[PDB]
Amino acid sequence: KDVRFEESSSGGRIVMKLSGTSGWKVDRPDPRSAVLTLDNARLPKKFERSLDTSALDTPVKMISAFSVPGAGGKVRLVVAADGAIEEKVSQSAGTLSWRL
Numbered sequence: 341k342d343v344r345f346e347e348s349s350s351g352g353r354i355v356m357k358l359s360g361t362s363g364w365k366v367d368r369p370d371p372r373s374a375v376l377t378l379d380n381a382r383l384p385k386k387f388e389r390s391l392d393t394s395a396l397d398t399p400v401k402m403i404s405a406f407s408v409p410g411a412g413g414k415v416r417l418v419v420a421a422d423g424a425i426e427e428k429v430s431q432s433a434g435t436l437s438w439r440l
């Protein structure tokens, strides 16, 4: 597992690597940040690295990855945002997740 950030004309993009997943996680679009839980996708603390996309002129303040959050086997993603924005999930394949 791992997280990544990039941009396209739609704006800021968060490409997440989900190895060992079948269905889809729980996308929770909040007014502050984003939440993505992956059951049975518990990632190691050695892969919960965060991003530093500060002053990138994007709606995404900064990406933050965190393993444990109080539920066995679950993982969690925190994508801080700012101002009005829209979330768009894309599944180019069974394992690769993206957030435009």
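Sequential numbering of the sequence shown, starting at 341, is according to the authors' numbering. From the three backbone atoms N, C-alpha and C, an ideal C-beta is built for every residue, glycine too.
For the beta strand (DSSP E) containing residue i, list its first residue and its last residue.
i: residue 367; result: 366 to 369
i: residue 377; result: 374 to 377
i: residue 416; result: 416 to 421
Between the Cα of residue i and those of the options, spot the shortest distance and give me the residue it belongs to.
i: residue 412; options: 343, 388, 381 and 428; result: 381
i: residue 366; options: 433, 389 and 429; result: 429
i: residue 344; options: 389, 407 and 370; result: 389
i: residue 400; options: 408, 407 and 391; result: 391
i: residue 355; options: 395, 403 and 396; result: 403
How many angstroms separate the CA atom of residue i from the CA atom of residue j?
i: residue 386; j: residue 379; result: 19 Å
i: residue 353; j: residue 427; result: 10 Å
i: residue 347; j: residue 377; result: 23 Å
i: residue 359; j: residue 341; result: 6 Å
i: residue 416; j: residue 405; result: 7 Å
i: residue 370; j: residue 434; result: 25 Å
i: residue 383; j: residue 410; result: 13 Å
i: residue 438; j: residue 432; result: 8 Å
i: residue 423; j: residue 349; result: 18 Å
Is it true that the CB of residue j sits closer than 8 Å to the CB of residue i?
i: residue 398; j: residue 351; result: yes
i: residue 332; j: residue 357; result: Since the displayed the chain opens at 341 and closes at 440, residue 332 lies outside it and no answer follows.
i: residue 418; j: residue 373; result: yes
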